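Single chain ahead, by itself, as structure tokens, in the form deposited in one PDB entry.
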């Protein structure tokens, strides 16, 4: 099982519609906004006989972290969205293949990987070496400043790959994402 990696702009609209239908069904809670969040980066795709059986995406965002010394960091983040395997093909390494391709993008292009894991996905990320975030989560809003996202506490994983020299993340500290509509994480 190997995933193809393709930019959103190189994806035909029928394959985009097909990936979106496969992802909605795999979550059936996956909304229009959740799909919009998966656009603009690299998709990992696995098909069988022109049926999409696995998908994931990694999109560029800024993750804001303030160290104990008070210095702010706006990290180039590869954010993992719309990871899904068709129900009948689960427990066969398709998830592993999707994440191998998305982590290739994260390690090659970003300072840090981040995602907000569904309950069923948690064991996957733990086994791949992703760090659980235990500190409080927030979003930088345009009109209210930093606003706590308590519904997202205890859901975050990070993959520090190329942090600025001398920066080590304390996972008990606050972490902030950039503003978007729908679920910020």
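Residues that one form lacks are left out of the comparison. Whichever C-alpha set is largest while still superposing within 1.5 Å between the two forms counts as the rigid core. Residue numbers count along the first chain shown, from 1.
What comes next is about the form deposited in another entry, which does not appear here.
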Scan 121, 158, 46, 64 for the one whose CA shifts by 2 Å or more between the shown form and the other one after superposing the rigid core, and name it. 121
Classify the change in Cα distance between residue 152 and residue 70 in the other form as closer or farther, relative to the shown form (magnitude of 3 Å or more). farther
Since the C-alpha distance between residue 54 and residue 154 changes by 3 Å or more in the other form, give its direction relative to the shown form: closer or farther. closer
Just the runs, please: which groups of three or more residues in a row shift their CA by 2 Å or more between the shown form and the other one on the core? 118-124, 151-154
